[PDB]
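One structure is given below, encoded as structure tokens.
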Amino acid sequence: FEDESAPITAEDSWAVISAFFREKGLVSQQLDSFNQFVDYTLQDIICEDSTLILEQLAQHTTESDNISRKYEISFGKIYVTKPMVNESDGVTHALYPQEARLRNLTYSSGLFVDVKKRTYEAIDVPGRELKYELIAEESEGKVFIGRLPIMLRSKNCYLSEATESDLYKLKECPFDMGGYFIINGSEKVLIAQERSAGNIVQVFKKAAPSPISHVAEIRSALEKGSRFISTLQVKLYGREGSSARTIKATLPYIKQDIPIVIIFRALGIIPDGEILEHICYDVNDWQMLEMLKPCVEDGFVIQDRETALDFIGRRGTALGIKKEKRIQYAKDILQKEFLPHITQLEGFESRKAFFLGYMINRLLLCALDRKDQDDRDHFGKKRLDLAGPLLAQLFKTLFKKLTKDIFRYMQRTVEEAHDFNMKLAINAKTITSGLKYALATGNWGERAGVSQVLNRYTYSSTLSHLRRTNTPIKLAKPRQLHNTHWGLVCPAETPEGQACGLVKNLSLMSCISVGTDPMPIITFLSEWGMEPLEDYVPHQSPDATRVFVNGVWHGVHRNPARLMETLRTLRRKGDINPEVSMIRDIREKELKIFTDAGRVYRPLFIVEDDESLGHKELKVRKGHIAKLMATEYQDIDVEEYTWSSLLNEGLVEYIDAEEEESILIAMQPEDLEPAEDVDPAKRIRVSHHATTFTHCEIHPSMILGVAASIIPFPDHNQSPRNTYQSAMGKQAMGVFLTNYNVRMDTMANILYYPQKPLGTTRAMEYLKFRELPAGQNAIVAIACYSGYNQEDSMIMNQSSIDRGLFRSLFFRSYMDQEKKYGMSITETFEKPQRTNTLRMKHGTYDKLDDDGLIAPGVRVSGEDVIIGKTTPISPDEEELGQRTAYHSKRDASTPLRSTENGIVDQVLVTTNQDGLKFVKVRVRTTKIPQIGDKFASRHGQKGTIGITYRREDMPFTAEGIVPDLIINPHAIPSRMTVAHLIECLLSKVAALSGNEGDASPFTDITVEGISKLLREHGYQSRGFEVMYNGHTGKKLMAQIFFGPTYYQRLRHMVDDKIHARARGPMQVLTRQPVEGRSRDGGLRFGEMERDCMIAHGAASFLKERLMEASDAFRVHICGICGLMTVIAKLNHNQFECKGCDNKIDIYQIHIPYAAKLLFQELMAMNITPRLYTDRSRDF
Amino acid sequence: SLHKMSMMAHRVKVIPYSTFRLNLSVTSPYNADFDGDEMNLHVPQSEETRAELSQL
Amino acid sequence: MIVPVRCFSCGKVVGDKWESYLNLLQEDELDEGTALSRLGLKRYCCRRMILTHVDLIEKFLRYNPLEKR
Amino acid sequence: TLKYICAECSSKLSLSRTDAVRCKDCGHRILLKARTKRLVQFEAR
Amino acid sequence: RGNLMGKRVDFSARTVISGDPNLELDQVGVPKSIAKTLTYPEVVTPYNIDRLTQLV
Amino acid sequence: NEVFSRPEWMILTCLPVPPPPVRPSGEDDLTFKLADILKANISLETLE
Amino acid sequence: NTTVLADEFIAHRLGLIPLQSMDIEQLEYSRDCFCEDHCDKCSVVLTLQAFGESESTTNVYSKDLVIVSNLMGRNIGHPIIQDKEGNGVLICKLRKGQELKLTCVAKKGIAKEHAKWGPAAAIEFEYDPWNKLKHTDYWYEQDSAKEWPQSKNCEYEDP
DNA sequence: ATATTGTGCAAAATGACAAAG
RNA sequence: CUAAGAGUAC
DNA sequence: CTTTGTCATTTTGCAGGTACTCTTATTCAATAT
Ligand SMILES: [Mg+2]
Ligand SMILES: [Zn+2]
Ligand SMILES: [Zn+2]
Ligand SMILES: [Zn+2]
Ligand SMILES: [Zn+2]
């Protein structure tokens, strides 16, 4: 406050958090990854390779034409425009997302590339080296190669710079956060795909039966190259008791596990001592030397680099190399396939030998029991591929396809001497269709579910979907919540199904790095004293720290403390990109630096000595908080102070799981920084008795995700209840966007009267939950009132329902196009007439007017036609009794859903990309809560309505207050949802006093204080109230827990689930009832239902279920051959089995049609299931 | 439906709301709650099946 | 969306107190509890009816009318 | 003929079957059908 | 397994369940719409001519 | 078995053709496979 | 209805508008009236007609409702106005250019059929403030008398 | 201008292979 | 219509 | 000389039950009639 350098309090950190969410937003990672892809990755993809050279040799039979031509095509800079749409008439205009959504277009922008076509000629003189020269035809000329879909709010989108008023003008909700694509009018979101990081050596113990005990492997990969995965493995043969423990490496394109010493000698290290120095860095570590002796004894037979290269080449799986060139072949394999991530050039054999020695050293350390096998679940060893890298690799493949097509076309046209045209060379449809297919359907190629339809049921649902990570599914246990997941993914938010643990959600303050070029950091290291790896001799520098950058051992340092200090200083002042992570392992004497993309990190406060106060203190003080407050208030004149200002001045730091291994974090500043009668109501906390902190948590409540941040008092609940609420709040019904009235979504649900919670958390005002609430504050009583709320049922107040509690709007949109079956076979929107139309639906067409669309305002019920469409067919056909040449049109109308009804809200007519007219009809109805609808508190206390009582029948307090809901007491004890009770108490206090209850998790708010405040208001301190029975007016012997509570209306309503079927449509193949209530299907009578009926012993009922209720088919067989090959003319009363030549040995049997189909499929597969009606053997 | 008690014969009572209604005591063999659980109903179509359903 | 006409629990008419409530909060700089008491909302059912309302209709009013006369 | 409204202009148009679906005033290709003239009855419950 | 050991059947219903302390142990509450959908074939007999005619 | 399964009947020389009920129609996958079998049969017969 | 609210949304809000019911006994139920749908002996017809002619938001109140049917001298129909400003319930809001024209028919009903017909709001009801009849067993931790605040009616009975 | 054709158990089975007569 | 995929309820 | 038991590979078939909703896509392109 008054003092500028005073230490901050736990209340101040929220200002910091606000600044963060001002600069970043909720979907910062999506936009950042896409912007990185568009700004830099496209150009790298284009420039890599993509120089098609075609050397048309002279092929000179006579020397008169001894000229060799060389046609090359190169690609220059790439230009990406603003999103625009073509048209049927050819006019091209700017496309805005709330036109792409309505017209089923693709929010995509064209890509152009500067193509330079060079041609060289040389004089084809045999023996003389060819010299190529230009012909001065240096033609260059941007060409359209396809369209890149643009994610909304990205740097290339129209909405990136839009203000709130502009967003309102463009029919865009200002609360919409972007981070998604519009493909064919559908919002598609890319789920972050989790994978294991590359260029990291991992050592694993193998199972007992296998002859190899330990395996050290690296999944080498290079970002700036072909991006190919080569897995090197170093394996230790022999169990612990075995004597011949020899280490063998598995080189790519090699059929055998070459001994390591042979590789070392091949790279150029002949002496045994030098190899052992490369592997073992300590002379005193004689155990490792003893374990390593078998390898050199194995490779004693080779004592020359050329000999070892020949040995490897002999094992070469190519088997297309002559004896003398095997050496070169081996060299090539060691240069371009062995450890690609280090280098693809030559002259770095020493580096690769050092890296191999390092891997062997790690393997031997694991085998010597000096270190545990690497944890596969450590989150620092994982990476998340966001939209950026996914589109990067997809576009790399697709552009490689396109350039291969270009080269093939050029070769074909030069061979056939035809003219060359760029427009006929480039097929933009390749890139466009590839990207559109990959984004429209989840399958990411030519994996699945990589792109998903964005969830728009509720605002929090969309926020959670936009921060979702999926792990494709070894001997690990990925489903467990790891220790390293702290502060990076939500501890409690995951599906309960098969995906439990595999599908994760980001923490509120967690971000994914987009990747930076490591060259500046390498230059810094070289300048600051990093000894190059080439002239590194371990004996003269035993206690040297190995420096790794992106998994590439670049050298060693002799004073790592100073190097780490200066690197930290550089990163804290912004010279190094803050996303760069730097870890120093003192015990292993290693220094790792990671700058690649996909690393997940969170921000933390920095703590330094602060000699003025004589003890550790946060770098942030009250002055910075004051400046942040001033900037925030100005936004709602002084110098702007943003989160980036905190980052640049070294106030906050970005830490990932790997760096988090080497730091100590204080949970809260006010209690853990200062050196050391207590309230019994407060929870017990430990001071940790340690003062060497390096960082402080900005706020512990930030470990939760978007969905978990809505829970009030999540630390007073059983964790599975938190997980249930996290899963169930996405099904909460609220207001998903403020512009729902201009969007033609397939389904939309809206509350009439959303209410912000009485008990609210501090983190939910960054999630806009108070602006777009998804529930209501219902007056809840916990009572065994009538027994109709047992087993999770609830009693809802009918009078509250009558007055608008939990009422809802529901919108459904039906889309329909007219398609060109031929050049002049256009479909037509119209009102079909029974006189000249076929297969007109049994519903009423009377509500359509003459354009084939109902007009908004008309009430529609189930099976009524809302879109009238007809398709032309070939005339002059007579059948069916009433089919004539007049019936040239077949009905293609769209009826309303069979069960649904409502008012046609709106209808929208437009044209598609092809120029054909199409329509969208949105119908509106009202969902009023009733018996069977599902409601849930914010603590996993789900339940359906058992019954509804009017106000006069509900219990009432002395003030006449009656509950909106009554829930059973028995739901409380077993589930241990204490937070539910605490939130009810806090809500009662807040409603009485007019404040808002602060239900944040890790605050010092106790039930004692809430009870005292409630007592001051004149009520019983524990929330109990004397209630009276509604029926008789007598006092209830027991006092009732009573108060407001926030409840969500869930999407599961009984009217969308009730379904019955006497008889209906049958499946065409099996003649069994169809599947699904949308098709009037039948219920599955599964195997174990049959087993239960068997156990009951009711045979006739089982037969009736399987035959009369599903499919009973009468078939004819003959007594000679049990096959169904009997021709039966029932009207003529003639039965005959050809082959057997009989006409009186026939029987009829009633068998399931599926059984007849099975027997026919057996016969078609050359098996005779002969059926016989009498016994030939005794039992 | 893990055991024979999870499939039992009941007497119909026609009620004016859109949910199946059952006694609280019979929920234990069905392992059924009222937090969104759904249940299935089969109608016998002959006197024999009707009779053995009622008697077994 | 817009202030409810009546309190859900008891049925007291609170749809005519939204503008007065906002006026009390803004012009008179009263805290929420005193304003609610001044308007006559004594039972906490009515108090939560008016205190927790979110007036989304304002946002809806920012978009240009679809059918403008 | 049948009446429509430009999604952007809000201008009222009359379109026949053969007419191209565009706004004469501004060329917008998105049109919304006009409100029905038949009275609509709502229960106030 | 999919069509012979277990198959989809007619005359079946499915919906959400609710408790009712006012129903007998062997009683099940059936929604009126479901009762109007699912049917039973009763053979016409001198004993049930009157009520079957009334139902028709 | 002498009457129901002799070993030389494990060799196919006449493929039974299931009726359309087994492969109802957009033709069924079995119909396409039978068409391919007929194509290969005709090709082999002509080459012979 | 060119507003931002759904038609049945506004219909629900209108049904919840309190109306003068002093002479409701002189009105008949629509069910036992011999007219076809509604007449003057069993209903009151109101009309709402609002337009957004102002550049600022225009508030559609319940004072804008106009009785069109002939009340025949009864004292029913008029929307109840309570606040000092004179504007009744805030039915709706209109941006400039938006319009809302509609006609309401009001019948007589009871709160059993729908809570919108309830005239009672909350009804406080208490007896035996001192628990001399022992109709309740007071939950407590240390002392029931201290932990349960005394009701205001305790002054009207002897402890 | 359009039809036609270029995954992790874990049991079972099997094969290779040092010792035995 | 068919197929594939995704999300979800108990 | 052929067993003979014996390990180390190869197959190889499976992987709860019901139920709901939505979305996309049905071989691309070159050649010849
Ligand atoms: Mg349950
Ligand atoms: Zn026969
Ligand atoms: Zn109230
Ligand atoms: Zn226009
Ligand atoms: Zn009348």
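Both backbone and side-chain heavy atoms feed into the values below; hydrogens, waters and symmetry mates do not. Below, read A as the first sequence line, B as the second, and so on, with proteins coming before strands; counting in each chain starts at 1.
- Comparing A:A499 and A:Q1067 against RNA chain I, the residue whose closest nucleotide sits nearer the 5' end is A:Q1067.
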Q) Please walk me through it: do A:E1089 and B:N40 pass side chain to side chain donor-acceptor pair (under 3.5 Å)? A) CA-CA 11 Å; A:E1089 286 78 5; B:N40 316 333; 5.5 Å; no
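- A straight line from CD1 of E:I17 to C1' of J:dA19 spans 14 Å, rounded to a whole angstrom.
- No donor-acceptor distance shorter than 3.5 angstrom exists from the side chain of A:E194 to the backbone of A:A192, with no hydrogens or angles considered.
- In this structure, A:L439 places its CG atom 14 Å from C1' of J:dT23, rounding to the nearest Å.
- At whole-Å resolution of the value, NZ in A:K1057 and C1' in J:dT21 are 9 Å apart.
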**Q.** Residue pair A:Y814, A:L896: steps toward the side chain to side chain contact (heavy atoms under 4.5 Å, CB included) verdict
**A.** CA-CA 8 Å; A:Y814 311 78; A:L896 196 80; 3.1 Å; yes
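- OP1 or OP2 of J:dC22 has not a single side-chain nitrogen or oxygen of A:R1051 nearer than 4.0 Å.
- Rounded to a whole Å, the CD atom of B:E38 is 12 Å from the P atom of I:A9.
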Shorter than 3.5 Å, N or O on both sides, protein versus nucleotides 14-18 of chain J: list them out with atom names.
residue	atom	partner	partner atom	Å
J:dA15	OP1	E:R1	NH1	3.1
J:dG17	OP1	E:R1	NH2	3.4
J:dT18	OP1	A:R1084	NE	3.2

Q: Could you walk me through whether A:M1053 and A:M733 pass the side chain to side chain contact (heavy atoms under 4.5 Å, CB included) test, one step at a time?
A: CA-CA 12 Å; A:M1053 302 154 219; A:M733 193 187 299; 3.5 Å; yes
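- Distance from the side chain of A:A448 is smallest to I:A6 among I:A9, I:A6, I:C10.
- E:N3 and A:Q1072 share a donor-acceptor pair across their side chains, judged by distance under 3.5 Å alone.
- Here the P atom of nucleotide I:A3 and the CD atom of F:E27 are 16 Å apart, to the nearest Å.
- In this structure, OH in A:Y437 is found 11.5 Å from CG in A:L394, a value given to the nearest 0.5 Å.
- Pucker check on J:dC20: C1'-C2'-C3'-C4' positive, sugar north.
- A close approach under 4.0 Å does occur between a side-chain nitrogen or oxygen of A:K934 and OP1 or OP2 of I:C10.
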Q: Give the intermediate values and the outcome of side chain to side chain contact (heavy atoms under 4.5 Å, CB included) for residues A:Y821 and A:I873.
A: CA-CA 10 Å; A:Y821 277 100; A:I873 52 167; over 6 Å; no
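- Look at CZ on A:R447: it is 18 Å from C1' on I:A4, rounded to the nearest Å.
- The side chain of A:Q731 contributes an N or O atom lying less than 4.0 Å from OP1 or OP2 of I:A9.
- Proximity of a side-chain donor or acceptor of A:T413 to a complementary backbone N or O of A:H418 within less than 3.5 Å is detected.
- Pairs engaging residues 1065-1082 of chain A under the salt bridge (charged side-chain N to carboxylate O under 4.0 Å, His left out) rule: A:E1075-E:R8 [sequence neighbours left out].
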Enumerate the protein-to-nucleotides 24-30 of chain J contacts in which both atoms are nitrogen or oxygen and the separation is below 3.5 Å.
residue	atom	partner	partner atom	Å
J:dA29	OP1	A:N427	ND2	3.0

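- Separating the P atom of I:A3 from that of H:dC9 is a span of 33 Å, rounded to the nearest Å.
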(Q) Using side chain to side chain donor-acceptor pair (under 3.5 Å), reason through A:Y409 and A:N427 one step at a time and then give a plain yes or no. (A) CA-CA 11 Å; A:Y409 164 91; A:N427 187 34; over 6 Å; no
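- Separating the CG atom of B:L41 from the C1' atom of J:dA19 is a distance of 16 Å, rounded to the nearest angstrom.
- A positive value of the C1'-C2'-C3'-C4' dihedral assigns J:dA19 to the north, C3'-endo side.
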Q.
The test is side chain to side chain donor-acceptor pair (under 3.5 Å); show your working for A:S186 and A:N184 and say whether it passes.
A. CA-CA 6 Å; A:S186 285; A:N184 287 331; over 6 Å; no
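- The stretch residues 452-471 of chain A touches RNA chain I through A:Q452, each having a heavy atom within less than 4.0 Å of the strand.
- Between A:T746 and J:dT23 there is a side-chain polar atom (N or O) within less than 4.0 angstrom of OP1 or OP2.
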Q: Scan nucleotides 2-12 of chain H nucleotide by nucleotide, 5' to 3', and note B when protein non-hydrogen atoms come under 4.0 Å of the base, S if they reach only the sugar-phosphate, - if neither.
A: S-----SS---
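- The aromatic rings of B:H42 and A:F1085 sit perpendicular to each other, their planes meeting at more than 60°, with 30° as the lower class boundary.
- Nucleotides of RNA chain I nearest to A:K942 and A:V1068 differ in position, and the one nearer the 5' end is that of A:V1068.
- Rounded to whole Å, atom P of I:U8 lies 9 Å from atom CD of A:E496.
- Residue pairs meeting the salt bridge (charged side-chain N to carboxylate O under 4.0 Å, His left out) criterion with at least one member in residues 446-467 of chain A, sequence neighbours excluded, are A:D176-A:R456, A:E187-A:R456.
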